[PDB]
Amino acid sequence: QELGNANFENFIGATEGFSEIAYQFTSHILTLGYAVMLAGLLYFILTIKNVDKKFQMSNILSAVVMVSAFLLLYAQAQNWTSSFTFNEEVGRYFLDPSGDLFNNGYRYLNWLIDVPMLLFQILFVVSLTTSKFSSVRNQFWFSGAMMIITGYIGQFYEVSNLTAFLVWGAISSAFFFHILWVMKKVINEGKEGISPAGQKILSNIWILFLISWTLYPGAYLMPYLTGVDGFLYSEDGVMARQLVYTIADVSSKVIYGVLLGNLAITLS
Amino acid sequence: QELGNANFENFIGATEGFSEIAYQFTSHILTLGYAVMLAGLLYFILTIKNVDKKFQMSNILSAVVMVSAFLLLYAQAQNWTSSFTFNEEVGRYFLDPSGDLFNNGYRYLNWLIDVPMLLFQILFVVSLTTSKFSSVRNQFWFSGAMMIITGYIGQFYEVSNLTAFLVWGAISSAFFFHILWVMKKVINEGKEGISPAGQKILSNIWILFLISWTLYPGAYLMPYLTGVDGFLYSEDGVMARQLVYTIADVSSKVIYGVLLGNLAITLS
Amino acid sequence: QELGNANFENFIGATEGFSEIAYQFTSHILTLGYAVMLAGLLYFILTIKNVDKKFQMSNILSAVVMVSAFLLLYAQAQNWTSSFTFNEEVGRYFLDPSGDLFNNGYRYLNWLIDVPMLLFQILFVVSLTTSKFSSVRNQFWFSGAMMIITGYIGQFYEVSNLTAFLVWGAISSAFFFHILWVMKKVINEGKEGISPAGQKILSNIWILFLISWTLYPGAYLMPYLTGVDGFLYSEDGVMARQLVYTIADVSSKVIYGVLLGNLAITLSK
Amino acid sequence: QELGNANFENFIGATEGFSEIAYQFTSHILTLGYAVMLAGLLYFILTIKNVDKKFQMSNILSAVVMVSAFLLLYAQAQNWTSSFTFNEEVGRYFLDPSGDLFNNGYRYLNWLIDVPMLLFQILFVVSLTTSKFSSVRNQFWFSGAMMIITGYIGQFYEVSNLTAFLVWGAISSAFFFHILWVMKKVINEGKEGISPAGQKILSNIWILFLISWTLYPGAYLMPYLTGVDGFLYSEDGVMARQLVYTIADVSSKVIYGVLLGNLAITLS
Amino acid sequence: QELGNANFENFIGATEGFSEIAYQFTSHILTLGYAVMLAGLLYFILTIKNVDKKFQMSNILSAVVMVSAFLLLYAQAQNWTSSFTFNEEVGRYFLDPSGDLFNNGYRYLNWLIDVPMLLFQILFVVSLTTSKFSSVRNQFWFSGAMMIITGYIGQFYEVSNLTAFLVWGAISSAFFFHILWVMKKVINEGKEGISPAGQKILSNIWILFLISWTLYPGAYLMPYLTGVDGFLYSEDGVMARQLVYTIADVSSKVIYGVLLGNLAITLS
Ligand SMILES: CCCCCCCC/C=C/CCCCCCCC(=O)O
Ligand SMILES: CCCCCCCCCCCCCCCCCCCC
Ligand code: NA
Ligand code: NA
Ligand code: NA
Ligand code: NA
Ligand code: NA
């Protein structure tokens with residue numbers, strides 16, 4: 001069977017197949033994913049009037065991200081269930097090519113919305129002391145775009161060409177480190193001239209940002225984190241990857257948005 | 001045939017099949033389920049301005065839960081109809097593997113939204129006395145998560161491994177008892193310093209909470225409540241399980257939310 | 001072919017099949033059905049601020065009913081088209097078992113929302129005199145639930161067991177008569193102490209309620225209203241049943257809601 | 001092949017089939033149709049507060065019509081694509097019976113919403129002089145209903161029985177002429193006691209009403225407007241019918257609604 | 001195989017087929033497309049109260065365009081996935097005629113909404129000096145309609161008849177040049193008598209308009225921009241065409257709308 005430049009989920013699905021637990025769990029975690037985003041959308045719209053006019057752009061950009069996340073995770077949930085079909089003889093779900101191959105790439109291109117907006121929205125709550133608003137925004141947007149596009153190219157080769165996969169991943173990581181650098185500056189300048197309560201929240205935001213954003217490259221490498229022919233190059237790795245994505249999505253978008261809202265309230 | 005770690009609905013559907021009444025009833029009760037949640041969503045949004053600003057977070061969290069419940073029950077209703085197909089020769093609906101196996105697990109993972117939010121929202125209406133807000137919240141959220149996750153693991157073995165099914169269920173019950181304990185404290189502290197009218201409503205809320213939340217473990221054990229090869233290990237048990245879930249869902253989310261709203265009005 | 005405890009639509013569909021007119025008409029009337037409910041939802045939300053705060057719960061409960069009706073009629077419309085497939089050799093639509101058997105039961109269980117809310121909402125516009133609010137509400141809700149549940153059980157036997165069908169229908173009718181009784185009291189007490197304009201509207205509401213609610217038991221008996229092998233035990237009866245349901249749904253929910261809104265306006269300052 | 005009392009689209013689709021242009025164009029025009037209605041819905045809701053309270057019922061009834069039109073045109077667009085399937089051997093789309101026969105009847109029954117509401121809404125903007133509000137409303141609603149129902153019956157026989165088709169069409173036309181008569185009176189009385197600017201708009205509304213409403217009977221006769229076995233009794237007539245419907249739908253509902261709104265602003 | 005007057009995507013899909021990257025990328029870019037439009041819809045509605053009453057029509061028309069774009073790009077995304085199916089023997093996606101042929105024509109007919117509204121909305125923010133409002137509007141609407149209709153006819157022949165394709169394209173370009181002419185005048189008159197800030201934004205709007213609108217004819221010619229049997233007459237050209245459309249859609253509708261909103265704020 002010829003799959004070409006396809007994600008490893010298809011190789012596991014085409015050879016070993018997926019147990020009821022592996023298939024159902026992946027279906028459930030992706031379903032919880034889009035449910036959280038639509039719930040978040042409602043929360044961000046309904047709490048818009050809870051902060052001063054100047055901070056409301058944060059709620060609006062959170063809502064924008066929720067729409068992106070909901071549509072993508074909904075599409076990705078349908079893509080999962082249509083790509084793997086139950087075989088009654090062996091009692092496992094195997095690649096059903098009529099449903100198309102499964103691809104994580106859907107997520108990557110929608111990050112062209114999420115990443116720029118998530119980085120932009122904090123600049124509407126915090127006050128910079130040294131750094132220029134337009135300069136920070138432009139660095140976030142340029143590095144964000146390059147990080148996503150290079151990673152998008154890389155993930156197509158996660159099985160067909162391990163070398164390209166790692167090189168593109170490495171280039172992508174360079175832009176990621178730059179984003180972490182600039183965000184650290186923004187957090188530090190943001191802490192200057194606000195109440196200790198506000199400073200505590202910004203500290204929490206930095207930890208959340210650091211861990212949640214790092215999970216994405218984790219999901220990228222997931223199948224190989226226990227090396228070639230490891231425990232994770234199986235249905236277990238498939239489950240782990242989608243679980244990690246869902247934890248990252250909720251943390252980086254919904255919880256991040258809630259914390260920014262709480263900061264906005266303390267500064268109001 | 002080989003089903004593996006699948007819910008008992010699939011075993012009944014694969015062997016005996018479902019009569020028109022059993023199949024249609026299950027379809028109708030799940031349809032009523034999601035209809036009630038979307039109707040509730042509209043009610044909670046439209047009555048937001050009927051309570052003082054400080055109580056409006058209760059309406060908002062009810063709305064959040066309604067979105068979760070609607071999406072899940074809608075998906076679960078489609079999963080039911082796609083998993084069982086009519087056999088014209090015998091006049092019964094049999095497992096159709098091309099629609100995937102039916103799994104109640106969808107509900108469990110969405111409880112990661114419902115349970116934490118349902119427990120949290122009462123803390124925006126009642127005033128604690130001796131207990132700390134953050135302490136009660138953290139206990140609810142930790143015990144809630146552990147209760148759900150342990151039960152989620154257990155239900156995959158309700159047929160393939162009765163021992164694992166009961167052990168995980170037992171561990172889950174421990175966390176359930178802790179939640180009941182903390183909620184009892186919250187209700188008692190909540191009754192302190194409010195009108196007898198408010199105290200009457202809180203008393204009703206406690207009864208509703210107790211009965212409605214107990215129905216869930218009831219649904220878990222349903223197939224075995226009349227022992228192995230009992231009256232309930234049949235299409236009758238399948239009907240009973242989904243009926244009990246629907247009664248529990250409407251009571252625990254919609255009716256609970258309405259009572260909290262009425263309490264909020266009394267305190268306004 | 002073995003169908004069991006199935007609605008008569010499936011027996012006609014499995015034996016005679018449906019002409020283009022019968023199949024298309026049923027599809028069109030169910031489509032109009034859900035379209036009216038979504039349009040009504042928008043109307044009730046957009047006119048909320050046209051009445052005093054105390055009457056706004058009427059608009060809200062109308063909206064709640066519209067959501068229920070829309071979702072159910074939309075589902076029922078899809079169920080119809082998926083259950084009957086065209087046979088090119090004879091030019092008729094026949095039962096397609098892969099789409100599931102057609103069942104009217106979907107409606108019945110959603111009435112557990114509609115009936116209680118429709119009866120409850122009038123108590124937010126009219127003022128009772130000799131009757132207690134909680135007492136009337138409880139009678140409406142208990143009798144409403146029993147009426148629906150008994151009818152739901154009955155309709156599964158409309159072909160497989162005519163006796164069970166009629167017995168459950170009869171029991172259901174008892175609870176229906178009780179509802180009509182209580183509603184009559186509510187209308188009379190509602191007329192007391194309001195302008196003749198308001199009394200006129202309440203009179204219209206009573207007529208609408210009486211006719212529209214009676215259509216439902218009419219739809220129940222439809223296949224047998226011309227006897228066991230009659231004109232109506234055909235695709236004509238299938239068309240008639242869904243037509244009557246749609247007329248009853250629009251009248252009992254949408255038009256009823258509009259009249260209550262107009263009453264609320266007349267009582268408003 | 002036996003089709004019975006079916007629309008002529010099915011006869012062309014079953015014999016000649018449809019070229020890529022004919023099939024795609026019909027799909028595109030119906031898609032544009034429902035897109036316009038959802039866009040209009042948004043416009044009528046967002047401009048509600050642009051007119052005095054007394055004229056807002058016009059926006060509300062426009063919105064009601066948009067919901068009707070959107071749902072129907074969306075359904076009709078799906079019905080078209082599911083009823084005709086590509087034959088790779090000859091490169092044309094042929095009747096696919098598994099998708100059901102195509103029927104324009106969907107439109108007719110939804111006119112039971114559109115026609116009464118479109119006629120009613122003008123009575124909330126203009127002031128009658130000689131005529132009674134209730135009398136005009138009742139004539140519009142009775143004649144509207146009879147016009148639609150008689151036409152609905154007629155269109156089922158547009159191929160199977162040309163005589164019935166024309167007789168029902170003729171009876172329907174009688175009720176149409178009555179509506180045109182009453183609307184003319186309403187326009188004239190509406191012009192009395194308003195600014196020349198308002199009178200100009202009412203003049204435009206009358207022209208729009210006359211042309212747009214006449215297109216519907218045009219669509220009815222379309223297949224026979226060049227006689228039996230004419231140029232239009234082909235895929236060309238199929239294209240022309242759906243094009244004319246779309247032009248009529250946009251003009252009679254959306255543009256009509258906009259003009260009434262502009263009149264309401266002039267009178268505010 | 002006989003395709004007739006079909007888009008070149010179908011010819012590549014029927015002969016060479018599409019690699020995983022080509023098929024997935026096209027699916028991802030179209031998905032990002034509709035996601036951006038629904039996110040934009042939310043942004044334009046939520047920021048309506050950020051500008052003076054007289055400028056709010058701009059937000060409303062942006063919202064109207066977003067509804068059009070969302071519905072069309074959503075439909076086009078579904079059309080793409082249903083028209084090409086994976087062949088497990090060769091590992092490529094081939095034309096699946098049961099899903100209908102793919103056609104870009106969907107976009108063209110929805111431009112009958114987008115183009116007129118995009119050109120109209122700027123006239124609600126800028127003040128004309130020498131030019132008459134009604135005159136400019138009428139020229140935009142007439143030339144817009146003719147540009148779209150002529151291009152719509154042309155694209156059906158992009159493979160079956162290269163001559164017709166180029167002639168209709170040329171006629172269409174004439175109307176395009178007229179639009180560019182009128183828009184240049186509007187921008188110049190708009191710049192007269194407003195703040196430096198306002199003039200800067202109008203300058204940006206003109207550049208964005210010029211580049212973004214030119215991309216559309218670029219997408220039209222895409223398959224032949226490297227001559228007959230060139231590098232772009234392949235799956236690479238298919239990818240490039242949909243990519244260019246998506247860049248043009250986001251720029252011409254969303255970014256254009258945001259800039260107009262920012263101009264409205266500076267003038268408020
Ligand atoms: C598929 C159904 C899911 C519906 C949920 C989608 C959410 C989109 C937002 C809609 C609700 C927001 C309405 C604005 C709040 C009104 C404020 C108020 O009434 O006080
Ligand atoms: C591929 C590009 C994705 C970007 C589009 C995201 C969705 C549209 C939302 C628009 C975002 C606007 C950003 C705010 C502009 C700041 C202007 C200042 C106002 C005071
Ligand atoms: Na599957
Ligand atoms: Na089924
Ligand atoms: Na069908
Ligand atoms: Na087709
Ligand atoms: Na495909």
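A note on names: the letters A, B, ... follow the listed sequences, proteins ahead of strands, and every chain is numbered from 1. One-based numbering, in listed order, for ligands and for the atoms of each.
Screening C/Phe86, C/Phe94, C/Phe84, C/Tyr23 against C/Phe18 for a ring pair (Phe, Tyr, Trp, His ring centres under 6.0 Å) leaves a single residue, C/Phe84.
Applying the salt bridge (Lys or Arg N to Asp or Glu O under 4.0 Å) rule to pairs touching residues 91-100 of chain A yields A/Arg92-A/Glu235, sequence neighbours excluded. Counting only residues at least two apart or on different chains, the salt bridge (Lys or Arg N to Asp or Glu O under 4.0 Å) pairs with a member in residues 6-16 of chain C are C/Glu9-C/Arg241. Evaluation of the salt bridge (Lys or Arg N to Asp or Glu O under 4.0 Å) test over residues 76-88 of chain C, restricted to residues two or more places apart or in two chains, returns none.
Here the Na ion (ligand 3) has protein N, O or S atoms under 3.0 Å from it, and they come to 4.
The line from CZ of E/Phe102 to CZ of E/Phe11 is 14.5 Å long, rounded to the nearest 0.5 Å. Rounded to the nearest 0.5 angstrom, B/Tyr106 OH and B/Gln76 CD are separated by 7.5 Å.
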